[PDB]
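Here the structure is laid out as structure tokens; the discussion comes afterwards.
Each value in this text was obtained by applying a stated rule to the coordinates, not by laboratory testing. Cβ: placed from backbone, ideal geometry, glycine included. Neighbour counts: every protein chain shown.
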Amino acid sequence: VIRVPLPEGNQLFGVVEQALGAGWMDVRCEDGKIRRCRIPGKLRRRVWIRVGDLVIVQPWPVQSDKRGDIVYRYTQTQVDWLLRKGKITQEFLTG
RNA sequence: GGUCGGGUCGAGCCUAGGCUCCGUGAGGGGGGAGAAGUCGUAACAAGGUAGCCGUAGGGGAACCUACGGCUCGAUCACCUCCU
Ligand SMILES: [Mg+2]
Ligand SMILES: [Mg+2]
């Protein structure tokens, strides 16, 4: 079929609003509470993330409010591919 | 031994008068770390206006300009002074 970063384990879907700075990313998920993603060191080299890139992250059971952590990105050949299956509704990106 | 009178040493207790210690503090100010946030290019080569020191004025910010000094300034010419 296809190998896509679905929610495996406890993953989250990160669609960011603004970069306050130094790696903090305010994310706007379907969950509601303002989460603030940060980044590991394996990908800070070869990839390039910005706004509008729906990507996958991972949250942390501490306070479940401001969490998230990048593990892998999405390429433009998947971001809109993930619409027809309805796995994610894009109206969590226009309001 | 008790009671009244007079002096003498007296800790505490109360008043107001100055000092400092002590945690909680509205609001303000700089310091140090994070370097996939934004604006520029000040320094190092003659860093593209040579850099730096004292004093005063100015500017989003590194910074700019006027007077007096230093070489820890590079290139061409002509002198000058010696080995
Ligand atoms: Mg310059
Ligand atoms: Mg200069």
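Taken over the stretch A:3-24, the criterion of being in contact with an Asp or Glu (Cβ under 8 Å, 6 or more places away or on another chain) and among the charged types (D, E, K, R) is satisfied by A:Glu17 alone.
Taking the stretch A:1-37 as the range and being more than 18 Å from A:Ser64 (Cα to Cα) and of a type outside the set (D, E, K, R) as the test, the residues that pass are A:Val1, A:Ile2, A:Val4, A:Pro5, A:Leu6, A:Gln18, A:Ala19, A:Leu20, A:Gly21, A:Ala22, A:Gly23.
Of all the strands (runs of 3 or more DSSP E) wholly in chain A, which have at least 1 residues that are surrounded by fewer than 17 Cβ atoms within 10 Å (Cβ to Cβ) and within 10 Å of RNA strand B (Cβ to nearest atom)?
Strands (runs of 3 or more DSSP E) meeting the threshold: A:16-21, A:24-27.
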